[PDB]
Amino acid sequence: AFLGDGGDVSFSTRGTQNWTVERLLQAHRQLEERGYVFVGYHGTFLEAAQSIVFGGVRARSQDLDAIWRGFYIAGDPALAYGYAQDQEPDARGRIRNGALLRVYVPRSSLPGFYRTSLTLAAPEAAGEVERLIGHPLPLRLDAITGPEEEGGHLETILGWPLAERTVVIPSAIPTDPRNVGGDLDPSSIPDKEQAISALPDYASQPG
(Lines of atoms letter the chains of each structure in order from A and count residues from 1; the text may use other names and numbers.)
(Lines give C-alpha, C1' and ligand atoms only; values in the text may rest on other atoms or scores of the structure.)
Protein backbone atom coordinates (compact mmCIF):
# COMPACT_ATOMS: atom_id res chain seq x y z
CA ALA A 1 0.00 0.00 0.00
CA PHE A 2 1.31 3.42 -1.04
CA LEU A 3 -1.73 5.62 -0.42
CA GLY A 4 -0.74 6.70 3.09
CA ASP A 5 -3.03 6.85 6.12
CA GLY A 6 -6.71 7.77 6.10
CA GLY A 7 -10.06 6.68 4.73
CA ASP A 8 -10.79 4.69 1.58
CA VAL A 9 -9.67 6.59 -1.51
CA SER A 10 -12.16 6.86 -4.37
CA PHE A 11 -12.59 8.96 -7.49
CA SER A 12 -15.61 11.16 -8.09
CA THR A 13 -16.92 14.15 -10.03
CA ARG A 14 -16.88 15.94 -6.68
CA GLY A 15 -13.18 15.18 -6.47
CA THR A 16 -10.90 12.48 -5.08
CA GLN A 17 -12.31 11.26 -1.76
CA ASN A 18 -10.15 11.02 1.36
CA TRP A 19 -7.14 12.61 -0.31
CA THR A 20 -5.69 15.79 1.17
CA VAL A 21 -2.42 17.54 0.34
CA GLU A 22 -1.12 16.37 3.70
CA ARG A 23 -1.90 12.73 2.94
CA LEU A 24 -0.19 13.14 -0.43
CA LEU A 25 2.94 14.48 1.27
CA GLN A 26 3.02 11.37 3.44
CA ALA A 27 2.45 8.98 0.53
CA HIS A 28 5.11 10.74 -1.55
CA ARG A 29 7.70 10.64 1.24
CA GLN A 30 7.08 6.96 2.00
CA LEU A 31 7.49 6.26 -1.72
CA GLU A 32 10.93 7.87 -1.87
CA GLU A 33 11.88 6.07 1.34
CA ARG A 34 11.36 2.84 -0.59
CA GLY A 35 13.40 3.79 -3.65
CA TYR A 36 10.64 5.22 -5.83
CA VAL A 37 10.84 8.42 -7.86
CA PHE A 38 8.18 10.71 -9.34
CA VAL A 39 8.25 10.89 -13.15
CA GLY A 40 5.07 12.74 -14.11
CA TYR A 41 1.30 13.03 -14.36
CA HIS A 42 -1.35 10.94 -16.09
CA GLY A 43 -4.80 12.38 -16.71
CA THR A 44 -7.72 10.04 -17.34
CA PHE A 45 -11.39 9.33 -16.60
CA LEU A 46 -12.73 8.20 -13.21
CA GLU A 47 -13.06 4.45 -13.80
CA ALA A 48 -9.61 4.36 -15.41
CA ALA A 49 -8.19 6.11 -12.35
CA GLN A 50 -9.77 3.50 -10.07
CA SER A 51 -8.31 0.79 -12.29
CA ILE A 52 -4.83 2.29 -12.37
CA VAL A 53 -4.51 3.11 -8.66
CA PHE A 54 -5.95 -0.12 -7.24
CA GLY A 55 -5.30 -2.63 -10.03
CA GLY A 56 -2.09 -1.16 -11.40
CA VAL A 57 -1.06 -0.02 -14.87
CA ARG A 58 -1.78 -2.81 -17.37
CA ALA A 59 -0.84 -3.08 -21.05
CA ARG A 60 -3.71 -2.60 -23.50
CA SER A 61 -4.39 -1.99 -27.19
CA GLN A 62 -4.21 1.72 -28.00
CA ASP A 63 -4.98 3.65 -31.19
CA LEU A 64 -1.54 4.35 -32.66
CA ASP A 65 1.41 2.73 -34.43
CA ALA A 66 2.65 -0.43 -32.70
CA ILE A 67 6.19 0.91 -32.31
CA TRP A 68 5.10 3.83 -30.12
CA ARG A 69 2.85 1.85 -27.79
CA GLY A 70 3.21 2.44 -24.07
CA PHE A 71 1.98 4.48 -21.12
CA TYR A 72 1.89 8.23 -21.68
CA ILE A 73 2.55 10.75 -18.92
CA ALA A 74 3.57 14.40 -18.65
CA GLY A 75 5.96 16.26 -16.37
CA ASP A 76 3.70 19.30 -16.52
CA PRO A 77 0.26 18.55 -14.98
CA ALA A 78 -1.31 21.11 -17.33
CA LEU A 79 -0.64 18.76 -20.26
CA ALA A 80 -2.00 15.67 -18.50
CA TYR A 81 -4.92 17.77 -17.28
CA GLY A 82 -6.40 17.95 -20.77
CA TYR A 83 -6.85 14.18 -20.77
CA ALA A 84 -8.46 14.03 -17.33
CA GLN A 85 -12.05 13.68 -18.55
CA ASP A 86 -14.53 11.45 -20.38
CA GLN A 87 -13.76 10.89 -24.05
CA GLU A 88 -17.22 9.42 -24.65
CA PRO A 89 -20.61 10.80 -23.55
CA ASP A 90 -23.21 8.44 -22.11
CA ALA A 91 -26.69 8.08 -23.62
CA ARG A 92 -27.64 11.49 -22.19
CA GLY A 93 -24.51 13.21 -23.49
CA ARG A 94 -22.93 13.70 -20.07
CA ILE A 95 -19.18 14.35 -20.11
CA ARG A 96 -17.63 14.02 -16.66
CA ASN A 97 -14.36 15.45 -15.40
CA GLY A 98 -11.58 12.96 -14.69
CA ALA A 99 -8.62 12.92 -12.32
CA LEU A 100 -4.89 13.69 -12.32
CA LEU A 101 -2.66 10.83 -11.19
CA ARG A 102 0.94 10.93 -9.99
CA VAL A 103 3.25 8.32 -11.51
CA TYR A 104 6.19 6.77 -9.67
CA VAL A 105 8.80 4.28 -10.82
CA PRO A 106 11.53 2.32 -9.04
CA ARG A 107 14.77 4.34 -9.08
CA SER A 108 16.38 1.17 -10.44
CA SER A 109 14.67 2.03 -13.74
CA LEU A 110 16.09 5.56 -14.01
CA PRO A 111 19.08 4.39 -16.08
CA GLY A 112 16.50 3.62 -18.78
CA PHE A 113 15.13 7.16 -19.04
CA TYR A 114 16.14 9.21 -22.08
CA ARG A 115 15.23 12.59 -23.54
CA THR A 116 15.15 14.08 -27.04
CA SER A 117 14.30 17.30 -28.87
CA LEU A 118 12.51 15.59 -31.76
CA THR A 119 8.73 15.19 -31.87
CA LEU A 120 7.62 11.76 -30.63
CA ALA A 121 5.09 9.39 -32.20
CA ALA A 122 6.56 10.42 -35.56
CA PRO A 123 8.55 8.27 -38.06
CA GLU A 124 11.34 10.89 -38.18
CA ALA A 125 12.11 10.41 -34.49
CA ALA A 126 11.89 6.61 -34.40
CA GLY A 127 15.51 6.31 -35.50
CA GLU A 128 16.92 8.67 -32.88
CA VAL A 129 14.88 7.01 -30.13
CA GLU A 130 16.03 3.54 -31.14
CA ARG A 131 19.58 4.89 -30.91
CA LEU A 132 19.20 6.26 -27.38
CA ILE A 133 17.49 3.19 -25.92
CA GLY A 134 19.94 0.92 -27.72
CA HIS A 135 17.33 -1.26 -29.42
CA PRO A 136 14.45 -1.21 -31.93
CA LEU A 137 11.02 0.04 -30.85
CA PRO A 138 8.73 -0.43 -29.05
CA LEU A 139 10.09 0.82 -25.74
CA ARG A 140 10.52 -1.91 -23.13
CA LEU A 141 12.13 -1.38 -19.74
CA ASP A 142 12.91 2.19 -20.76
CA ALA A 143 11.29 5.58 -21.31
CA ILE A 144 11.51 8.55 -23.69
CA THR A 145 10.69 12.22 -23.10
CA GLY A 146 10.18 14.81 -25.82
CA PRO A 147 7.74 17.33 -27.33
CA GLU A 148 4.31 15.78 -27.99
CA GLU A 149 4.12 18.07 -31.01
CA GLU A 150 6.45 20.65 -32.58
CA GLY A 151 6.97 23.52 -30.14
CA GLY A 152 4.67 21.95 -27.57
CA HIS A 153 4.72 20.29 -24.14
CA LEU A 154 7.08 17.49 -23.16
CA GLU A 155 5.49 14.04 -22.95
CA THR A 156 6.93 10.85 -21.51
CA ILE A 157 6.36 7.37 -22.90
CA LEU A 158 6.95 4.52 -20.46
CA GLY A 159 7.52 1.21 -22.21
CA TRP A 160 4.77 -1.20 -21.15
CA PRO A 161 7.15 -3.46 -19.20
CA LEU A 162 8.30 -0.40 -17.23
CA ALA A 163 4.82 1.09 -16.91
CA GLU A 164 3.60 -2.07 -15.18
CA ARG A 165 6.25 -1.54 -12.49
CA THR A 166 4.97 1.91 -11.57
CA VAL A 167 3.10 3.00 -8.46
CA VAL A 168 0.28 5.43 -9.17
CA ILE A 169 -1.37 7.59 -6.51
CA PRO A 170 -3.94 10.41 -6.82
CA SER A 171 -2.85 14.03 -7.29
CA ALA A 172 -3.96 16.82 -4.95
CA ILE A 173 -4.76 18.82 -8.09
CA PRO A 174 -8.55 18.74 -8.72
CA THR A 175 -10.35 18.76 -12.05
CA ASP A 176 -13.24 21.20 -12.49
CA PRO A 177 -16.69 19.54 -12.74
CA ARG A 178 -18.17 22.89 -13.76
CA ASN A 179 -15.54 23.60 -16.40
CA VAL A 180 -14.88 20.32 -18.19
CA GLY A 181 -12.56 21.10 -21.09
CA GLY A 182 -11.08 24.14 -19.40
CA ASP A 183 -7.38 24.55 -18.73
CA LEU A 184 -5.50 23.88 -15.50
CA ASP A 185 -5.51 26.98 -13.31
CA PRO A 186 -2.00 27.46 -11.85
CA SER A 187 -3.69 28.90 -8.76
CA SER A 188 -5.39 25.56 -8.10
CA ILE A 189 -2.10 23.67 -7.87
CA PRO A 190 -1.26 23.25 -4.17
CA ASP A 191 2.10 24.90 -3.42
CA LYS A 192 3.07 21.91 -1.29
CA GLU A 193 2.50 19.54 -4.22
CA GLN A 194 4.55 21.70 -6.58
CA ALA A 195 7.38 21.34 -4.07
CA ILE A 196 7.45 17.56 -4.55
CA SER A 197 7.00 17.49 -8.33
CA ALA A 198 10.60 17.94 -9.45
CA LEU A 199 11.51 15.55 -12.27
CA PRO A 200 14.62 13.36 -12.56
CA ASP A 201 17.46 14.31 -14.90
CA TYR A 202 17.17 12.30 -18.12
CA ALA A 203 20.02 11.13 -20.35
CA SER A 204 20.54 12.74 -23.76
CA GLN A 205 23.08 10.09 -24.77
CA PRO A 206 22.97 6.29 -25.26
CA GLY A 207 23.71 4.17 -22.19
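Just count from 1 along the sequence shown to find any residue number.
When 127 to 135 is weighed against 74 to 82, 127 to 135 comes out higher, by mean CA B-factor as recorded in the entry. Across the two stretches, 89 to 97 and 106 to 114, the PDB entry reports the greater mean Cα temperature factor for 89 to 97. Set against one another, the Cα B-factors of 142, 63, 164, 47 in the record reach their highest point at 63. Annotation for residue 34: C-alpha temperature factor in the lowest third relative to the rest of the modelled chain, per the entry. Split the chain's modelled residues into thirds by C-alpha temperature factor. Residue 4 is in the lowest one. Placement of the Cα temperature factor of residue 187 within the chain: highest third of the modelled residues, per the deposited record. For residue 55, the recorded CA B-factor ranks within the middle third of the chain. Only modelled residues enter the ranking. In the deposited entry, the Cα temperature factor of residue 147 sits in the middle third of values across the chain's modelled residues.
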